[PDB]
Structure formats: structure tokens, C-alpha cells
Amino acid sequence: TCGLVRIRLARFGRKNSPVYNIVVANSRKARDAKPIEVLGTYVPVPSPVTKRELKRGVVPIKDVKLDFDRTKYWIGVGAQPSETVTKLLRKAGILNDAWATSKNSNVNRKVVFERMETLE
Amino acid sequence: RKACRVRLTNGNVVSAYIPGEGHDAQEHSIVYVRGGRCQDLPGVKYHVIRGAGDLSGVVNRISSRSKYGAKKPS
Amino acid sequence: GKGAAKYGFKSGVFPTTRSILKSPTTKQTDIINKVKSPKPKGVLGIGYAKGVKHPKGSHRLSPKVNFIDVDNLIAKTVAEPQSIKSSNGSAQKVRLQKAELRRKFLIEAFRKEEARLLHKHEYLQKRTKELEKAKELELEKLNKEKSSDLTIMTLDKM
Amino acid sequence: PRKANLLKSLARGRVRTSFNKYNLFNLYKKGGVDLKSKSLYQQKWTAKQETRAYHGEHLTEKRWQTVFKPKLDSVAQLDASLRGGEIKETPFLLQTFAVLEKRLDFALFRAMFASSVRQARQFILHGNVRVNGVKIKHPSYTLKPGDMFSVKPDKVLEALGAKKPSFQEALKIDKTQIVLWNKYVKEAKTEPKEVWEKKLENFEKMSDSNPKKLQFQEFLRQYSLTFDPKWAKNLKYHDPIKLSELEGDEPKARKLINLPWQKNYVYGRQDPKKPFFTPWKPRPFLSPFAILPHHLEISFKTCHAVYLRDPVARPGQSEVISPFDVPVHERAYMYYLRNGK
Amino acid sequence: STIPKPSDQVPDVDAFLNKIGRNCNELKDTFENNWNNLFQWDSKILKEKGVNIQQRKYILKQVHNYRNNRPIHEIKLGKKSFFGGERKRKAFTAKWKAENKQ
Amino acid sequence: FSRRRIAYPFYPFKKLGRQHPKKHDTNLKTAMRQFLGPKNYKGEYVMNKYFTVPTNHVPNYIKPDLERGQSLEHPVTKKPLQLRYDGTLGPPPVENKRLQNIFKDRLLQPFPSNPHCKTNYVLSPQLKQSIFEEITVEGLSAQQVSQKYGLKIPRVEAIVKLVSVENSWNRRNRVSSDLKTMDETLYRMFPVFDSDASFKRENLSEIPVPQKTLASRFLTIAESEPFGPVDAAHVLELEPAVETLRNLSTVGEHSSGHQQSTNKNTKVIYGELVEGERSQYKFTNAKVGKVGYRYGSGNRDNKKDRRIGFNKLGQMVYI
RNA sequence: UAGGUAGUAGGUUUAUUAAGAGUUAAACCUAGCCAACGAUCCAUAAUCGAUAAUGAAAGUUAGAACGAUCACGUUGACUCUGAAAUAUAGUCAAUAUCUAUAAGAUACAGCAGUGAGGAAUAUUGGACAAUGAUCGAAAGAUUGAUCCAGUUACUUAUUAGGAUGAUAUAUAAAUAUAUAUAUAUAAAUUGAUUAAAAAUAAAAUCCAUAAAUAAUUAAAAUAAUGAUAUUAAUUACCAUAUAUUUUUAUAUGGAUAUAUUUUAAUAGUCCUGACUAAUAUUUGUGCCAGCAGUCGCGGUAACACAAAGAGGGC
Ligand SMILES: [K+]
Ligand SMILES: [K+]
Ligand SMILES: [K+]
Ligand SMILES: [K+]
Ligand SMILES: [K+]
Ligand SMILES: [Mg+2]
Ligand SMILES: [Mg+2]
Ligand SMILES: [Mg+2]
Ligand SMILES: [Mg+2]
Ligand SMILES: [Mg+2]
Ligand SMILES: [Mg+2]
Ligand SMILES: [Mg+2]
Ligand SMILES: [Mg+2]
Ligand SMILES: [Mg+2]
Ligand SMILES: [Mg+2]
Ligand SMILES: [Mg+2]
Ligand SMILES: [Mg+2]
Ligand SMILES: [Mg+2]
Ligand SMILES: [Mg+2]
Ligand SMILES: [Mg+2]
Ligand SMILES: [Mg+2]
Ligand SMILES: [Mg+2]
Ligand SMILES: [Mg+2]
Ligand SMILES: [Mg+2]
Ligand SMILES: [Mg+2]
Ligand SMILES: [Mg+2]
Ligand SMILES: [Mg+2]
Ligand SMILES: [Mg+2]
Ligand SMILES: [Mg+2]
Ligand SMILES: [Mg+2]
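Line by line, the protein sequences give chains P, L, V, D, 2 and 6. If you want the authors' numbering, it's the 1-based position in the first sequence plus 1. If you want the authors' numbering, it's the 1-based position in the second sequence plus 77. If you want the authors' numbering, it's the 1-based position in the third sequence plus 1. For the fourth sequence, the positions run 2 to 224, 369 to 486 when the authors' numbering is used. If you want the authors' numbering, it's the 1-based position in the fifth sequence plus 28. If you want the authors' numbering, it's the 1-based position in the sixth sequence plus 26.
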């Protein structure tokens, strides 16, 4: 990632139980220093599904909280997301396939579920 | 009452009370001094710790051993 | 600690939220009128009174507020490509897509912020007027004479 | 947790959350907490001694002090003023230990799914307890209103049932049972008329508390209540048991035993694979402790219960089950408010 | 994933272990020239077979490259300058210019 | 003044006399053997009036004060038996008048020293089925069934939940004979609930007592000014107490008024799921300044109040 | 520490700067400016929070940990580059050390580690798998940042076994179901001779789980990559089907001899005259030995010293 303003994960939580803040930060500041803004949170550990749920067809869910509007503003002013944040934003539908790379380009992989925007 | 004059590592010279029945403290013995005065001895404002440095624990102490540097009998 | 009580018992802090629009916009008519309003003088006045020389080398008046025209801000910051250039190259296509998305995002951010600011002024004006009307109604009920008031001794004439 | 030592000491006479025989005598003979002639500190200490012995003794003092909540919860009946009957004072201070009632281990004891809080902890720790379908193995798990919790049926039967006798212990009871049966057949045969006369007189004093009379009426229908010499003749003498011969061989032993009440199985071991006394009977001294909680709805057929609410104090009643009166709890509350100062 | 097919440059596992380099030719006996073993064994199996941390990760990276038709040529690990690391270069150079050229 | 006091029985008992030197007995142990009575060869205490469970829906709770420590009775006639000089058990010289007319409240009070603790009433297997069939089939509301049978709404909702579990257990033959035996025994130990009996009915007007109202405010108003519950509610800045009761009755899952839709206004995105992916991303819209882990928050891990929680699997996790 | 200040206080002009100003340098004027509501001087100290401690609270304390800010990188000054540096740079000097003896190099307040000082604070560990940072078009390289583990009860939390349990023999005709089983005989640890206990305490009995063993195996991470790691968890011959909040249950394919891995439980420390919870007594010592937060205790019946029994805390 390049630039002075980057969107990246700052690590919180405890040893062996990482949680992350999605933050807009100056490139030169420490990973866990108070950033410019905290856009959201990322919990990397998927929620465990029960034996019955698994056969029932439930897929484990990773939970991300994100300010969609504020994130778009920072992309608009040229903030540069990290690779992991890029994957999150492409899955959220904020970023598109123009931000994909040659190593992760899923040009030929079947879609089992299409991105669905709902209200809850 | 058995006492001892002690020169602390900071240069202060104090008078420390030696608790317990019987002690093997001599001149040049390394002792550790803690707070606590001897009420009936004026000017003795400190205590030496039994079982530390060159001061051994009270011989044959059965009760309240931790206060007199006495290890647990097998 | 006890200090957290002042902030909803929230422990720790967040960075101060930045303002998308760093100055008032040309559509915030309410602000534009206030700055134009004549500055008061006297005990609660602001500025140099007529006939009072201001310090030599200093500006007598305060610098004029810079109001942002969102149409001009959008035109200078995220201007559109002047020609439909031939993006046959793989890298040119990616850059075109990224530029289009970035321009779409920032234009929506500036126009949503201006709308929010204008909508917030209107909501406050409506809310204040409601509160004012409710206070008058509440006060009128308080001033309404009840039958129990007959048992309160009075010396109106004196 | 705190190590369990001298919990049922008769000299100390502390009352515990258990159905133990020794714990029943301590409760029987207590006669209230003596608070007369004591200074305020001594009164508070005594109250603390008694209450903590019963309410969460397994918790360390420092852990309890952290758990303790100064805020107590009551309810306001909005119809009291619309009744006209003499109102009763709410026992607010009986809620001092209510915070413990939401713990899973306490909930099991109040549901009578375990014979003591200590046993409830072991049931939870060994994987026999589920809350809302999920196995919870932490005794300190806190329940919320509406939660349902269940215990493996075999564990609840082992807690509310009599102890399973060992083969040797149950084989000496059958030997004595055979001897005392052959004495009833020798007294019935030598003088049948007197035995039957005594038998009829016993059935008059049953009071219906003894269902044996209801069963007996059936037997009199299986054969006016007039004597019958065929009865004495029908009676047969069981064969003696040589403990040594059938020692270590249960199938042999349970084929040489055939009594009118216990047929082909050793005393208390009708199904030696089950973990309790078989056929299942209630544990001794269960009545004094069998208290139905107001804050749990229990289904004993399935060993399921629902945590309705946190126990509350209402006019004239506290849902926190306690063997101590309000004055004792008031002193205990005064102690913990100030951290024992 | 699936088993790629042997090519002309990389006919067998031994040729694969020689092209990638980094002393990975010393594991020829671990794989036994079995093409499928190279493309089925994951890190857990390789760790049980005595492959050290650095080598097993390197092999798995080159196995993924081969599966995707990307070059598997050896890329060397970085090395400090002849005159030493930056923090000790001024001292080293001063003592090397007074013992070679005086 | 305070001293250590061995917990001797408050009631009179036969103390130890001269003892053979090897008995090494205690007065507490002999007082317990007198309470228990003789132990038979089967390990039972048949003479103790508490050894066996009641079977008439009347709890047999200890009454040491009223019987003055006399816990022995004939196992079949239930007639008092007391210790005599011979060392045998026989009829008492004088009948105990304190044990023949016991108050109704005391019968349900398990602990002699606490009259504020009473046992609850067991619901009959019929009332439970009626409640189950009315909420589920007839479609009555929990508020109606609560006001009909005199049961609090949470208890009504619990009965439906538990009867559903008993149907599944009976539908799979999981209720064994031992479970049936135990259930019936426990049913015959408690007083059965009577919806008609007014005293047995549960109060249905209870509301939680708030904390702001717990204080005592007083207002001096005109001598003939009316002041009622609604005026008090305005003074205390709380909804009327009757409103609180009504809102608490619409909480039951089968109760009227149960509504939850004002929260369905949070934009959520479910990320695309591709073949081979082991998890799906769910994005929830949030607001800068509220979302995120705060910087410099109090670390409580090394403090007595460290936050401990439980995950979906029931595993203890630090929060 | 009572007087302090002399670019000191103010005015005007130039130089310098992106920019105000005695900020710096030069010139010329006015006599001001600060101070007993504490000037000047001296001493001490990194500052603070939605952090920690405490209290009913106002507050008080800390400033390790988390975060914010400042200053410094052996000491002093100066210069270069730059938007910004008196830079952990360069120059000169100071102090110390070193080897190559040069107008030389080094300065661990980066990590680990060593000596010293001190009452007292740890590994010369693993890995770049994760999150970041730098370089590169990329492939990738580097990373004592960081993530992990090690050491240390320094702090917190969970667990660290439940139910039953006061004796042993002999004893008793020769199935409408009994039943308050009853007799003998022996045995019975410390204290004590009854409200003096130790003590349901122990053993024993019943039933468990942990660990082990076996199989299985997530998640941290995916396009691939796992340091931690002998992973957590789960299951108890393994697999499968059906029914089956959970869960349960039946039946099946393979697997061993009708049944199916094994199986536990040794806490310390202080105290018992009053403040202050501790009644069951006893021995030694004799104003000695000693105890002591306060009052005090000890001179032959010591509830206080040193112990035994018993007891109270954590
Ligand atoms: K507390
Ligand atoms: K001063
Ligand atoms: K430190
Ligand atoms: K890395
Ligand atoms: K102890
Ligand atoms: Mg780049
Ligand atoms: Mg002492
Ligand atoms: Mg006392
Ligand atoms: Mg100037
Ligand atoms: Mg100056
Ligand atoms: Mg000048
Ligand atoms: Mg300093
Ligand atoms: Mg402060
Ligand atoms: Mg700090
Ligand atoms: Mg300070
Ligand atoms: Mg530090
Ligand atoms: Mg510096
Ligand atoms: Mg310096
Ligand atoms: Mg320098
Ligand atoms: Mg240094
Ligand atoms: Mg270091
Ligand atoms: Mg030292
Ligand atoms: Mg390293
Ligand atoms: Mg003796
Ligand atoms: Mg195991
Ligand atoms: Mg993997
Ligand atoms: Mg004496
Ligand atoms: Mg004392
Ligand atoms: Mg003593
Ligand atoms: Mg002792």
C-alpha cells in the first residue's frame, strides 16, 4: 500500500483472540496508535455453527461493522486500503473487481450466494 | 533485650531489635532491616529479619515460623 | 474512573470526527445572513468604534468567511475526463474504473453532507418552534385558574 | 472453590444446602440464631457465619465480596390499596444472597435436580447439564429470565433416590429377610387364627397413609372377612442363604432368592447397571427439604426447568429460600456493605 | 487441489527440487520421486516427515506456483552487503580500507 | 460479649451419664441417635417421622419447636412415641396440643425460623394440558390465560415450553418408569394449585420498583387540590404505573401486543459466497464515533472485576 | 529568597522570515515594566485522560500497565539538506573504550544478554503464519515492529469430588406381601466422666469426571502460506441410514471377545486478654526467657511468653 492516508486494520483484543479496528491512519504512525478515524471493526474468528445447523446448510459468518458512507468518502479522497481491507471492501460491494490482483482474481469460481443487501 | 547497631547500604546507621529466642548475629554480619520499633527500648525503631542474610531462623521455632525464618519440619 | 460518567460511562476515546466540508457552504443561507449582519458596538460590541484608530499595521475588520460552493468544489476536485480516451490497455481500463468509482464516491459525499447540513438547520428551526409553542401551552395551563385556588389565601388589593 | 471440610459438624451446627442426614439434625436442633448480649460487631459476625454457611459456602470470601450487590430488588403490588386487607411488610433484606440464585449450580439445587449445591457443581462440571440445548460445564454460568436447563435423567434419579447397596451389603439383608420370613410362616402355621386376627387389626390403623391396605383389599379379593386354613397351608418356607457359597456370584444369588415382595433380585439391586437403588425409591429424609421454588417452573418427568425470573421480595414473602429470619440477613447485609469493617 | 501434470523442464520431483533450490535437493529421499506426494502432502504431513519450517513453506509456495503455471525458478534470500550491514558498514569499511589499500 | 458455643439442642434430651472408658461418645452424637431413633438391619430409620415422604399433597416439614424435639412416631399408626427410662419407646404421658391445630401457613413453611419462606404450589397435570391446549390450539393470549387461572404470564409461557418438551419425550418413549415413579412421588409431596381458590391465586398486579422513584418526594399543594397517580407520574417523570403493568403483560411470546419491528432499519450486507469459501462475511452499517474499539480503555484483566462471558458454544471467554 | 529588571517596559525604522513581535542583529527615542492575591531567586518534578487506586461525595494519590503530549538517544555548540532537524546526520570539542594508528571507529535509553547499584523486576527463545512498515513493475526480499512461546503466584479468573458413612461377629421353621426384627458375645484411638469434645472426621460403600490411551479435528487464512503446536474442542470400537430444540433412539456396514480403552484425588499461613471472630482444658518458664499495632503481658493457679489439646480467620 502507498500514500500518506491508508485504510488498514489495527489490532485489539488479547493474545490468541485478535480483534481489529478498521481505521484511517497516517502511514508513519504506529499500527495501534490513535488513528485519524475508526471506520469499523473486524472479528476474524467465524461464528461456530452447530452440528444440526451444518447439515441444515448454515455457513459460518464473520461479522464486520462498518460505516459505509464514511468509508466511501475516504476512498474518494484517495485513501489507500491495505490488502486485507481491500478484500473486505470488495466483499461488501464498496470496491469492485478493479481492485483485485492476479493472485486472488477469482475469474473462474462458482458463486453459491450472491451479495444481498437487506435491512435488520 | 538484644539489639544491634547496623549501617544500612544508604549510609544511615540505625538500631535494630533482634526478635526471637537466641541469635547468631555478630559484627560484620550481613543483616536485612525492616520497619517496626521496639516499644520499651527508646531509639530502637527497626527490626532485623530472621532467616535473611547471615541471621539464621529461630532454633526449634514451632509456631508463627514465617515471622522467625523457620522452615517447615518434615 | 469517575471521569467516564461524563461520557456515558464510555472508557477510552475515539479520534475527533473530521468534517467533510471544512467551511460553511453557499447554500447555508442562515449562516450567510449572520455574518452579513452589522456587528454590534458598545458594552457587548465587537470591533473598532467609529473614530477609534485601529493599531497601525493591523486589519481593522476580521477576514471574510470563505463559503464553499459545492458545485465548484466538485468541478475542481473530481472533474470529469474531458475526452473519452481509448482505454484499450488492461492497466488503462483498471485506472478508468477506479477513477470513476472514486469520483462517484466523493461527489456523493459532498452532496450528502451539504444536504445533511441544510436538513439539520431546518429540523432545528422546526424543533425550536415546537418547543416554543409547547412552552406557551404549558405555561397557559399553569396560569389557568382551578377550583382549588379558592382555598389559597390572597391579598390582591394590597 | 473452597475445599469442603467439616461441613456437617454437629458442634458447629451450621446449616448447608444439602439433603444430608447430619445436615437435617443441625437444622432440626438449631432453634434460631442467638443475637442477644452481643456487640454490633459480634452480631454481624454471627449473622455472616450462619448465612454464608448456607448461601454459597463453596465461594471464597473475596469472590463473594466481589459478587455481592448492594442493590436489592422488590416488586410493588398495584392492587394492594384496592383490597382492604391488612398489608404485610416486604422482607427486603432477605434478598441479600439473591444474586447467587441465578447461578447454574444454585438453580439445579433449587430445582431438586441435585441433592446439594456441591453435587450440582459436579453434575455441571462432568457434562450432564444443558442450558437452552447447549452443554454448559461451568458452575458459575448465570441464567437469564426464560432460560431452560436440563439434567441427564440418571443423575437426577441418583440424587433423589436411595443409595445403591453393594452386593455383599445387599446379600446380608436378604439373609436376614429370609430368616424373618420363615418366622412369620412358623407363627402363621402354629397359630393361624391369632396371626390373621392381628393382621386384620393392623389394617384398621393404616389411616390411608399406608397404601398397603389398598393392596391388601385386593388380596382379600384374590382368595365376609373370615379365616381360611388354606392361607397358613399355602405359606411356604424360603430356603436359607449361605453367604459364602453365593459370594462373588450375583446371577446365582439372584436365582436363589424368591420372596413374596423381592423375587429373583438382591435387595436394592433389581438392575445393578443403574446407578441408584433399584427399584427406585426416594432418598431418606427428603420431605424436610422438598421445597418448590417460586422462581422456577420444573418438569420432573423430563428433568427440565425454566428460570422464570430472579427471586424477588413481595409483601410478607421473599422468594429467596433461606433457613434464617430477616434479622440475621439484615446483620449479614450490614457486614458486606462495609466489607466487614 | 488437483495434481498438475509433469512437464519437460520439470519431469519428476527430483528435477522440481533442483530448480527451486534453497538446498531443497536434500529432501529427494523424503518424497521418493513420487509426483503425487509432492502435490498432496500439506504442511502437517511435511512436518511429520522432518522437513523444517523454512523449507516446507518454500516447497508449498513453489507447488502452488507450479499448479498455476507460474515460474518456479529459485529466488535467493537476501544477503548483507560485502561491507556489512548498514549499521556496521562505516566501521567495517574503515578497517577494510586500512588493511587493503593503506 | 461472645464465646464459642457448641450447638447443643435447644430442646431437652437425655444427656450422657457415666460412660465406659472406651465409648468416647459425645452429647451431640447421642442427641442425634435420639432424634433418628433405632437403625434397622436395612439401614433405615423407620421410627423417625421424617424418614418417609408424604403422599397426600401436604408437606412434612420439620416442626421441632412445636414437638419439643420429639421426632419419633409409630411407622404405621403415626402415633407419637417417646423415650422412657427403660430405654424403650412408648406412648407419651400427655398429648401435645401444639401439634394438633397447626396454622395453614405453617404447614407450607419449611424452615421454623423463617416465616417469609413458603413452598410453591404444584400445577396438576390437567391444568398444564388445558393451558397448553388453549395457548397453542384455541389461540388464546397469555394475558387471558394468566387472568383466567391466576398465574403470572412468565409461568404460563414456561408451562407451554415444558409441555412441548414432555410431548417430544413421550413421543420417543424417553420417560422411563423410574422417571414416572419419581415424578408422581414428588407430585404427592406438594400442595396442588387451585385456580378457583382465591388465596392460592398469584398476584397479577406486580411491577418492578424503579430506583428514581424509591426516594420520598413531598409536595405542599392547596388543601383541596386533587393529586392522583397520573399527577405523581408526571412529577417523577415516569409513565403511569398502570401503563407499566400493561406493557409488562405484552411481553409474553403468546401474549397480546407483542411487537418488535422498529429495529429493522439497519442496513446489512451479506458478502458473496464462492465455492470453496469456509465462511461468509456479514457487514452491518455503523456510524463513525460510535463503532470501534476505543483507545486507552480501562484494562480490567488484572482486576477483581474482570469481565467474564460465555460464547455460543458455552465456553468461558474473557470479554 | 523582598525587592527584581537594563533589551529591561514602551515608541519609530531597517535587516531577517511564508509570517506578527526587543524573536535575533543595528540605529534613534520615551522611562518604563514586574512585585506581599508573592516578584526575582532557590529547590524539586516529564505532563495528562473517557487510565489506575480510594472515598458517600467534594476530593486525594499514582502517572507502572492502555492511550495522548513533550523532551532526549554519552555531553556541548554549530552547519548542511529539507516544507519541517541545532537530526540517534555532518563538523569541532569533551568523556570513555577499541584497532586499522588514521584530521580512524565505537557510545545497547532497539531486542536478547552481562557487570555494577539495589529489598526488588525475565530468554543471549520461535516465526514472518497474522496485522503493519520499507524496497521492487512484478516475482519477491527485509522487518528483535509485531505476533507467539520461555522465565517469574507480580495481579485477576476458573478448576483443584460428589453421594453415603459410627463397630464386628454368631444368631432364628425344617409363597393372601413379611416388617418398629430381637437376642447374646467381643471390640471400642487422644482427651474427658458429661452439656468436653476430637468426630462424619477416618476407613469402608456407591457413582463420576480429569489425565492417560485411541480415533477425530476446527479456527486464527486463504489463491497459497500456521511460528504458536505434541492446537482448542469433541468422541469413546469407527462409518452409515432413518427417526430424533437440544438431545434421544433404532437399525445398519466394517471392527474386537453375548458384550466392547482405562481411570484418579495428602494446603498452607496467621491468630484465639481487650480493641477483634476464636469457653475443653493442660504443660514449661517465673519481671527470666521473651511478646507487643494500641492498652499492656511475664515476680510459681500466665486465657497475652514457649508449647499440647480444642477453636477462629483467610
Ligand atoms: K461487591
Ligand atoms: K516565590
Ligand atoms: K518498566
Ligand atoms: K510479516
Ligand atoms: K487453619
Ligand atoms: Mg509499491
Ligand atoms: Mg507470637
Ligand atoms: Mg471475641
Ligand atoms: Mg520589529
Ligand atoms: Mg527579551
Ligand atoms: Mg538595539
Ligand atoms: Mg528528573
Ligand atoms: Mg493529578
Ligand atoms: Mg505510562
Ligand atoms: Mg503530579
Ligand atoms: Mg514501560
Ligand atoms: Mg535530539
Ligand atoms: Mg544531545
Ligand atoms: Mg549528532
Ligand atoms: Mg548508553
Ligand atoms: Mg536491553
Ligand atoms: Mg547487589
Ligand atoms: Mg529474529
Ligand atoms: Mg485415655
Ligand atoms: Mg481426556
Ligand atoms: Mg492450513
Ligand atoms: Mg503455669
Ligand atoms: Mg493477642
Ligand atoms: Mg501463646
Ligand atoms: Mg495444635
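By construction, the Cβ of each residue, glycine as well, lies at the ideal position given by its N, Cα and C atoms.
Where the beta strand (DSSP E) containing residue i begins and where it ends
i	result
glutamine 306 (chain 6)	306-311
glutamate 118 (chain P)	117-120
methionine 149 (chain D)	149-152
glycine 41 (chain P)	38-43
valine 125 (chain L)	123-125
Rounded distance between the beta-carbons of residue j and residue i, thought under 8 Å
i	j	result
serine 149 (chain V)	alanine 248 (chain 6)	4 Å
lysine 73 (chain P)	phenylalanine 106 (chain V)	4 Å
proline 429 (chain D)	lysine 72 (chain D)	Actually they do not touch by this definition, with Cβ atoms about 41 Å apart.
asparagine 27 (chain P)	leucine 10 (chain P)	Not quite, the Cβ-Cβ distance comes to about 15 Å (not below 8 Å), so this is no contact.
Residue i beta carbon near ligand 1 (any heavy atom closer than 8 Å)
i	result
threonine 67 (chain D)	yes
Contact under 9 Å by Cβ, residue i with residue j
i	j	result
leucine 274 (chain 6)	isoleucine 233 (chain 6)	yes
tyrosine 34 (chain 6)	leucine 54 (chain 6)	yes
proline 36 (chain P)	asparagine 22 (chain P)	yes
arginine 483 (chain D)	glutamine 44 (chain D)	no
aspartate 470 (chain D)	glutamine 407 (chain D)	no
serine 444 (chain D)	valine 72 (chain 6)	no
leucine 11 (chain D)	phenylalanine 26 (chain D)	yes
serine 151 (chain D)	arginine 131 (chain D)	yes
Ligand 8 heavy atom lying under 8 Å from the CB of residue i
i	result
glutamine 45 (chain 6)	no
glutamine 43 (chain D)	yes
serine 38 (chain D)	no
Helix, strand or coil at residue i [DSSP, three-state]
i	result
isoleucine 139 (chain L)	coil
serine 83 (chain P)	coil
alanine 435 (chain D)	coil
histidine 449 (chain D)	strand
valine 44 (chain V)	coil
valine 95 (chain V)	helix
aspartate 51 (chain 6)	coil
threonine 207 (chain 6)	helix
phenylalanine 61 (chain 6)	helix
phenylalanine 430 (chain D)	coil
Endpoints, the alpha helix (DSSP H) within which residue i is located
i	result
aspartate 373 (chain D)	No alpha helix (DSSP H) holds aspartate 373 (chain D); DSSP gives it neither H nor E.
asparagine 22 (chain P)	Per DSSP, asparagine 22 (chain P) belongs to no alpha helix (DSSP H); it is in the beta strand (DSSP E), 18-27.
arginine 122 (chain D)	118-126
beta-carbon residue i near ligand 26 non-hydrogen atom, thresh 8 Å
i	result
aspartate 455 (chain D)	no
Heavy atom of ligand 6 within 8 Å of residue i beta-carbon
i	result
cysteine 3 (chain P)	yes
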